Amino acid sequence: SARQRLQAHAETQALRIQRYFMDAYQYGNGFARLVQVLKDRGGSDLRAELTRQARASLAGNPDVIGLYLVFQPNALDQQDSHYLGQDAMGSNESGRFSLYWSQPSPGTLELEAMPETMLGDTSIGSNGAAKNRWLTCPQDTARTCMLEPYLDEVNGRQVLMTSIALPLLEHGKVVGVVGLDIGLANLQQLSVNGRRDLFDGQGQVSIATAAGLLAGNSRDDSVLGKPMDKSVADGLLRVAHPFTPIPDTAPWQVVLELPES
């Protein structure tokens, strides 16, 4: 009937949001391939080159608010002791290559060497997952991870975000992690842009994660990152269509709501 017609629209929006995530995923693998080939060929000045390439990679994608590249201790070049505290080369206090580039707005990139305390913070954050799951998930599973929306701390700023974490593997061994941070403000704009397209804006559009959290909701801004309303008001029919942000992960879904008329 008319519900099959609203479901047909939800499938349209689901493929559009999936294209957004998959393009970021493919873009991250491109940088990961560059990292691996830079590591596999060695040479001098590698850490400074990786830091420069990481910035140019993040600068080349205004849809991404953060890019982290964390290697295991001495996994990058077996010379962590040669780079103690040189944050300008992506190395933290222990010489480990733990680099994070931030892009709070397109074209504004901030450099940061993440300390070992941040890489080991096993305390539980807002979403019920550990604060360092953005790094430990791909390390412990040797596979890519689509992380649930969490509120991160970036230079004194609380940023609500999800992450695409790619593991860098050598013979099945995770030597490092590449990650792309996608702010939920961008996902909120996708739900608002989806609302406008939905029959000229009489309804609402929400993006739900694999755990039921709201990564986007065109109606209220202050509910991002929390469980989606299991119930539903009347006069509007709620349809959903799933989509997969990265290959082989639990699917998210686009939630449409619309008056019957």
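Numbering starts at 1 and runs along the sequence shown.
Averaged over Cα atoms, the B-factor as recorded in the entry is higher for 246-254 than for the other of 20-28 and 246-254. The question of which stretch, 228-236 or 59-67, has the higher mean Cα B factor is settled in favour of 228-236. Considering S105, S98, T136, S123 together, the PDB entry gives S123 the largest C-alpha B factor. When the C-alpha B factors of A54, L46, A210, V223 are read from the deposited coordinates, the top value falls at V223. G183 sits in the lowest third of its chain by CA B factor, as recorded in the PDB entry. The entry lists a Cα temperature factor for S81 that places it in the middle third of the chain's modelled residues. Ranked within its chain, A129 lands in the highest third, by CA B factor from the PDB record. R195 sits in the highest third of its chain by CA B factor, as recorded in the PDB entry. Among the modelled residues of its chain, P167 has a C-alpha B-factor that falls in the lowest third, as given in the PDB entry.
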